[PDB]
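Summary of the model geometry
Below are the chains, spelled out letter by letter.
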Amino acid sequence: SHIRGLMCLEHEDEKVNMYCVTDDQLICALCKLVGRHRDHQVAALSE
Ligand SMILES: [Zn+2]
Ligand SMILES: [Zn+2]
């Protein structure tokens, strides 16, 4: 059983990675690699 999670919207076989503070919208690694969220701002490790 595994019908829970906060993966990407377009990427079903890819779980999120962090939160883009610039655009203010959660994203994944595939977005930071395929998309344009590579030079954007994020937050690693919940303070
Ligand atoms: Zn994605
Ligand atoms: Zn972004």
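Residues numbered from 1 in each chain as written, not as in the entry; some residues may be left out. Chains lettered and ligands numbered in written order. Heavy atoms only, no water.

Method of determination, as annotated in the archive: solution NMR.

As recorded in the PDB entry, the chain goes by Midline-1 and comes from Homo sapiens. In the PDB, the entry goes by the title "solution structure of the Mid1 B Box2 Chc(D/C)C2H2 Zinc-Binding Domain: insights into an evolutionary conserved ring fold".

**Points about the coordination of the zinc ion (ligand 2)**
When four donors bind a metal tetrahedrally, each ideal donor-metal-donor angle is 109.5 degrees, and when six bind octahedrally, the ideal angles are 90 or 180 degrees. Around the zinc ion (ligand 2), the protein contributes the donor atoms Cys 20 (SG), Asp 23 (OD), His 37 (ND1) and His 40 (ND1), at 2.1 to 2.3 Å from the metal centre. Angles of 84 to 122° at the metal separate the four donor atoms of the zinc ion (ligand 2), which places the site in the irregular class. Between consecutive donor residues of the zinc ion (ligand 2), the sequence gaps follow C-x2-D-x13-H-x2-H. Note on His 40: relative accessible area 27%, which makes it partly exposed. (Donors = N, O, S within 2.8 Å, 3.2 Å for Na, K, Ca; no water. Tetrahedral: all angles 85-135°; square planar, octahedral: opposite > 155°, others 65-115°. Buried < 20%, exposed > 50% of the residue type's maximum accessible area, 1.4 Å probe, protein only.)

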